[PDB]
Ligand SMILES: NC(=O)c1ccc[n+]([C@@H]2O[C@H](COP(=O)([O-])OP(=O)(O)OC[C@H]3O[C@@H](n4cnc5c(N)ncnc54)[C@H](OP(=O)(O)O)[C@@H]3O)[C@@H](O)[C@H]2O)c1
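Here you get one chain, nothing else, as structure tokens; it is the form solved without this ligand.
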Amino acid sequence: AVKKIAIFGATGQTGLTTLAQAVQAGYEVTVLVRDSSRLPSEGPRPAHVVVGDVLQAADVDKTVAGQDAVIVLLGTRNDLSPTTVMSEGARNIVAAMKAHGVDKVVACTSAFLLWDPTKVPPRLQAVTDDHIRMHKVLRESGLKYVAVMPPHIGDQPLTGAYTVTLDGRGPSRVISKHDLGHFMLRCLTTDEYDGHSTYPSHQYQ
């Protein structure tokens, strides 16, 4: 089964709770971060910290080596400018997975990849363009890839009670960051979402 995982993006909002939940679940977790002090110094903490940059192939290789599976939660530090930082990070992650024979990757993009393109808000088009590039990298890799395409990510407490919609939009437009992290981890325990797009969502009121 899956026992050793790498998490990319662990210092972001969904990343931090995914990381805590992964450690609590008993995974042996490796993270790649720019600064180890961005991780909590108390509570559940990962087994291995690599300090480096997801845009550097060798730093990513050190992080993927020896893993059973990879979680990808890269973002743009809330910058909406045209960018390739997510897709280029994913390119490095896939390259290292291929070199080491790691097959399983669970990666977050956004529900806008399931929208009619004519309805994506223009202000979010540049970030969505790079999510599309990232999804292409992962789909073309031939790895076992679960495409997680969440709607708006909220701060509601963990429920574990959300809906998972396959290959289409789901009936709520929000998912808590805690439920999203919970779902990321669920995708490590099953192959049934491999090659599919998944949309987690929930009604919190």
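Shifts are known only where both forms have a C-alpha. Heads up: residue numbers just count along the shown sequence, starting at 1. Take the two forms, find the largest set of C-alpha atoms that superpose within 1.5 Å, and that set is the rigid core.
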| property | result |
| --- | --- |
| Between 46-54 and 152-160 (mean CA B-factor, as deposited), the higher | 152-160 |
| Mean C-alpha B-factor comparison - 102-110 and 76-84, higher one | 76-84 |
| Peak C-alpha temperature factor (PDB record), options 173, 62, 136, 34 | 173 |
| Chain thirds of CA B-factor: placement of residue 30 | lowest |
| Relative C-alpha B-factor of residue 197, binned into the chain's lowest, middle or highest third | lowest |
| CA B-factor ranking of residue 143, expressed as a third of its chain | middle |
| Residue 123 - Cα temperature factor, lowest/middle/highest third of chain | lowest |
| Among modelled residues of the same chain, the CA temperature factor third for residue 19 | lowest |
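Only in words, not in the display: the form deposited with this ligand bound, which the text now covers.
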{"item": "Any non-hydrogen atom of residue 41 within 4.5 angstroms of this ligand in the deposited bound form", "value": "no"}
{"item": "Interface membership of residue 153, this ligand in the deposited bound form, 4.5 Å heavy atom rule", "value": "yes"}
{"item": "Heavy atom of residue 11 within 4.5 Å of this ligand in the deposited bound form", "value": "yes"}
{"item": "Interface membership of residue 34, this ligand in the deposited bound form, 4.5 Å heavy atom rule", "value": "yes"}
{"item": "Options 41-49, 63-71, 23-31, 145-153; stretch whose heavy atom lies within 4.5 Å of this ligand in the deposited bound form", "value": "145-153"}
{"item": "Contacts with this ligand in the deposited bound form, stretch 97-113 (heavy atom within 4.5 Å)", "value": "108, 109, 110"}
{"item": "Candidates 156, 163, 36, 56 - which moves between the shown form and the other one, C-alpha at least 2 Å, core fixed", "value": "36"}
{"item": "Outcome for the Cα pair residue 36, residue 187 in the deposited bound form, compared with this form (closer or farther; change of 3 Å or more)", "value": "farther"}
{"item": "Inter-Cα distance between residue 37 and residue 53 in the deposited bound form, nearer or further [3 Å or more]", "value": "closer"}
{"item": "Mobile segments between the shown form and the other one - rigid core superposition, Cα shift of 2 Å or more, 3+ residues", "value": "35-38, 40-44"}
